[PDB]
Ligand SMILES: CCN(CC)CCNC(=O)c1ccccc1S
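A lone chain, given as structure tokens: the form deposited without the named molecule.
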């Protein structure tokens, strides 16, 4: 049994494209650390993301600087998870906060596949030990994207899609009822 929201998304978008250009001619690449799976699920279904105030300012500045001269890619991981869960392209500046994204890869890549890549601009720490909106230098970003694109993943957040749908629905009714008790 597959969920109609997920079937619509898969039919409208070409997730995990088998031809993806990891050897970028230009572009900038950033880490996104999400607070929960629920935020990832919402972002995939609505093509939207929101960082902190400072994170939003950093990403806004990077997107405007790129001036349509190359892509801004975002590599997503939930705090404490032990894997990356996907890759989206930033598609608009920040609107005050939120900005448009286009999800491209939706797949789990364990950290042990990526920890050998270290970021010279962050004390040579592994890319898997990054904070939200940490920037990845272009050549290391190429190696990360090559690994993510190629990885033969066994699972992804889509495998729990119906679960996240039901969670969202129940949260809404609970909040509405709570407001109802407060008027």
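Positions refer to the first chain, counted from 1.
Another form, the form solved in complex with the named molecule, is not on view; read the next lines as being about it.
The site on the displayed chain is open: the named molecule, placed by C-alpha superposition from its pose in the deposited complex, has no atom within 2.4 Å of a backbone or C-beta atom.
Between the options 42, 125, 57, 64, the residue in contact with the named molecule in the deposited complex by a heavy atom within 4.5 angstroms is 42. Stretch-level contact analysis of 135 to 143, 115 to 123, 31 to 39, 151 to 159 against the named molecule in the deposited complex, using heavy atoms and a 4.5 Å limit, identifies 31 to 39.
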